[PDB]
Every structure is written in structure tokens, then in C-alpha cells.
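Okay, structure first, notes after.
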Amino acid sequence: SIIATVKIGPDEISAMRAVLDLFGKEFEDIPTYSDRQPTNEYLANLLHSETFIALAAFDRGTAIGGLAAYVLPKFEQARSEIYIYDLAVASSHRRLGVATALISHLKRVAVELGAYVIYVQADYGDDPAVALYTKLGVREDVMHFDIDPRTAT
Amino acid sequence: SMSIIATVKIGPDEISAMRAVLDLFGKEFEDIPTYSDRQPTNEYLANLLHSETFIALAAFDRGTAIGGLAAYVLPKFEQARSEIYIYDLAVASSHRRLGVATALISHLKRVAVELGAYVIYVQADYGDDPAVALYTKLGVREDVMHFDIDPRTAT
């Protein structure tokens, strides 16, 4: 199984929307990812950005893999970090090396960008994500806090 | 641009303030080489500070940096919305338990509303008692796993 990955460009909005739809299905959150999508222009501008990366894998027109990530140019040093925000593999194509291929592609992008590190977070109970990122990287258990900007402090 | 115990948003013409914030990070995180000894050029910091997706907040007591907040604005892909990620936050040990951190975060909320960002989030390590205590009061906590991946190794 030789998985082909592709870096989605601003002239490929449809492929981007297909990836978004993939996210909604695999994360079981269709409205968030399918029913509230940005305009063509917004997606074109975001994909044109140097600090956003969208990778994908397709099989016969169907999106089977998707990776959305940000490039964070650091403030303490002239260095960059790659932050994987969302990663999903179609339930129909699991354990075929799709996820591995995306991350390998992202490494190539990271190298040509001069980024020194890639990171990503997994939820507890997300057994496959934990399995993948454990094999590919070093685990650190941390805490996440969501803060409402509209509430008083 | 806020009066609490003095918070300001650092612009591209305020490199000295930015480096001061960086130096503060190094001392309070006990990692001086990372934050003081390897700092970017004036041009790099000016370009980064000019960016719409980076935010640097500072608290001054006497022209002396006593607080700092460095954050990224993540324009999302699934929807036309934005998230603000706090990367580093530190308060001078000389000004602890004075509302400095709360001030900066209150200032960040204003920036978030102004930008239209719907959420602010931040990560903390186990053992960092003051950060955990602060963030537990200001928002909702969820335990997650962080993974570091080296781009130079094979998959």
C-alpha cells in the first residue's frame, strides 16, 4: 500500500472542503466541519498563507487522509515549530499507512521550512492517535485550559 | 493599551520592550540561554510583531518589565473563526500574587473580542502550581497528551 499525499494549494478549494468533510465524519462532528465552512476566498487566503499547511491523501476521488497544521515562527529565537491541529484517516482506510505518510510528508515540509520540531496533542481514550504518536514521537502529559474571552476576569 | 497595573501591546517599534519580555521569560522559566542568549535580529522581531497572527503583551511597573504574554492567533480552517493560543506567560517573582497574570489575560480577552476570536487557550505542566491554580480559576481544564516529533528522523 503506497499512499500518495498531496499539499493542498489555494486553487484546490474542493479538495480542501473534502478534507474538512473527512474531519467531521471521523471526529463525529459533522456540523462543526461540514455545515459551517468558510467562503472560497477565506480558504484561498488561508491556503496561500505561509503559516498554514494542509496535507491530504485521496483514493479514487475520496479523501482518505487529512492533516491541518500551523507554522509558529517563535519569538525567543529565529526558529519555527509545526503544530498539527487536526489529523484524520478515513475509517475505510485505517492501518494502511495513511497517517504515517501524511506525517512523513509534513516532515519534508518542516525540513524545507527549517522548522526544528513537529508536535501534536491526543485526547485520552483516542487509542489509535496515541498509538501512532507514541511510535513516532515522545509523549508528555500536560493540561489544557479553555478561556472564554467574553466573560469577566 | 490598558490600565490595570499597566499592560500594553508591544508593537514593531518597541524591540527593547520585546527583548525585556524575552529576558523575563528566561529568568522566570529558569532557562536563560533559550530566551536571552539566542534572541532574533531587530528585523525578525519587528516583522513578527508586525504580523496579525502574533500577540505580545507586557506589564510594566517602572519601565521595568514585570509581566509578559506571547500568543498566536490561529485563523481556523473548518470555519471562519479564530483561536488565540497563549504560548508563554510569566510574572516577575518580585510582583507575584498581585494580579499581574490576571491583568495580562484580561487584556488578552479585549484583544480576542476585538479580533473576533471566540476562544483563548493555554497549556500547563504538572507541578507548575501557580499556572495551574490561575488557569483553573479562569477557564475549563482538560487533560491531554503532548507529543514531540523530530522532522529529521525517518517514519
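Any read-out appearing in this document is the output of simple, stated calculations on the displayed coordinates, not a laboratory observation. Neighbour counts are summed over all protein chains in view; Cβ atoms, including those assigned to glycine, are modelled from backbone coordinates with ideal geometry.
Buried (at least 17 other Cβ atoms within 10 Å of the Cβ) and within 7 Å of chain B (Cβ to nearest Cβ): is that true of A:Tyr133 in this structure? Don't jump to the end; show me each part of the working.
Details: buried (at least 17 other Cβ atoms within 10 Å of the Cβ): yes; within 7 Å of chain B (Cβ to nearest Cβ): yes.
Answer is yes for this residue.
Can you pull out every residue in segment A:72-96 that is aliphatic (A, V, I, L, M) and more than 10 Å from chain B (Cβ to nearest Cβ)? Break it down stepwise before answering.
Filtering segment A:72-96 for residues aliphatic (A, V, I, L, M) gives A:72, A:78, A:82, A:84, A:87-90, A:96.
Correct list: A:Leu87, A:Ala88, A:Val89, A:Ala90, A:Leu96.
Report the residue count in segment B:1-23 for those that are over 13 Å from B:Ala56 (Cα atoms) and not β-branched (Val, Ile, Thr).
Of all residues in segment B:1-23, those over 13 Å from B:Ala56 (Cα atoms) come to B:2-6, B:23.
Subsequent filtering for residues that are not β-branched (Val, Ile, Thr) retains B:2-3, B:6, B:23.
Final tally of qualifying residues: 4.
Could you say which residue among B:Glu114, B:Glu78 is among the acidic types (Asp, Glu), free of Cβ contacts under 8 Å to residues at least 24 places away in the same chain, within 21 Å of B:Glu52 (Cβ to Cβ) and in contact with a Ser or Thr (Cβ under 7 Å, 6 or more places away or on another chain)? Walk me through it before giving the result.
Working: B:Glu114 fails: in contact with a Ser or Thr (Cβ under 7 Å, 6 or more places away or on another chain).
Criteria check complete, one pass: B:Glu78.
Picking from A:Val142, A:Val120, A:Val109, A:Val138, which residue would you name as being more than 18 Å from A:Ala56 (Cα to Cα), within 19 Å of the chain's Cα centre (by Cα) and aliphatic (A, V, I, L, M)?
On the way: A:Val142 fails: within 19 Å of the chain's Cα centre (by Cα); A:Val120 fails: more than 18 Å from A:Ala56 (Cα to Cα); A:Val109 fails: more than 18 Å from A:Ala56 (Cα to Cα).
After applying the criteria, what remains is A:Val138.
So that you can scan it fast, the table gives a plain yes or no per residue for (1) crowded, with 18+ Cβ neighbours inside 10 Å; (2) of a type outside the set (S, T, N, Q); (3) facing chain B (nearest Cβ under 7 Å):
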{"site": "A:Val98", "(1), (2), (3)": "yes, yes, no"}
{"site": "A:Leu106", "(1), (2), (3)": "yes, yes, no"}
{"site": "A:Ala115", "(1), (2), (3)": "yes, yes, yes"}
{"site": "A:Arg139", "(1), (2), (3)": "no, yes, yes"}
{"site": "A:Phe145", "(1), (2), (3)": "yes, yes, yes"}
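Name the residues in segment B:109-155 that are part of a strand (DSSP E or B), in contact with a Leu (Cβ under 9 Å, 6 or more places away or on another chain) and closer than 30 Å to A:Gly97 by Cα, would you? Break it down stepwise before answering.
Going residue by residue through segment B:109-155, those that are part of a strand (DSSP E or B) are B:119-124, B:140-149.
Remaining after also requiring in contact with a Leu (Cβ under 9 Å, 6 or more places away or on another chain): B:120, B:122, B:124, B:147, B:149.
Residues satisfying the conditions are B:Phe147, B:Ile149.
Which is under 30 Å from B:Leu22 (Cβ atoms), among the aliphatic types (A, V, I, L, M) and not in a strand (DSSP E or B), of A:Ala44, A:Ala69, A:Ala101, A:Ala78? Walk me through how you get there before you give the answer.
Working: A:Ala44 fails: under 30 Å from B:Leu22 (Cβ atoms); A:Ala69 fails: not in a strand (DSSP E or B); A:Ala101 fails: under 30 Å from B:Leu22 (Cβ atoms).
Matching residue, one of A:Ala44, A:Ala69, A:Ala101, A:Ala78: A:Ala78.
Take the residues in segment A:1-48 that are aromatic (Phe, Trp, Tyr) and within 17 Å of the chain's Cα centre (by Cα); name whichever of them is surrounded by the fewest Cβ atoms within 10 Å (Cβ to Cβ).
In the first step, residues of segment A:1-48 are kept if they are aromatic (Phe, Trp, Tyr); the result is A:23, A:27, A:33, A:42.
Filter once more, so that each one left must be within 17 Å of the chain's Cα centre (by Cα): A:23, A:27, A:33.
Numbers: A:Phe23: 23, A:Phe27: 14, A:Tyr33: 23.
By that ranking, first place goes to A:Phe27.
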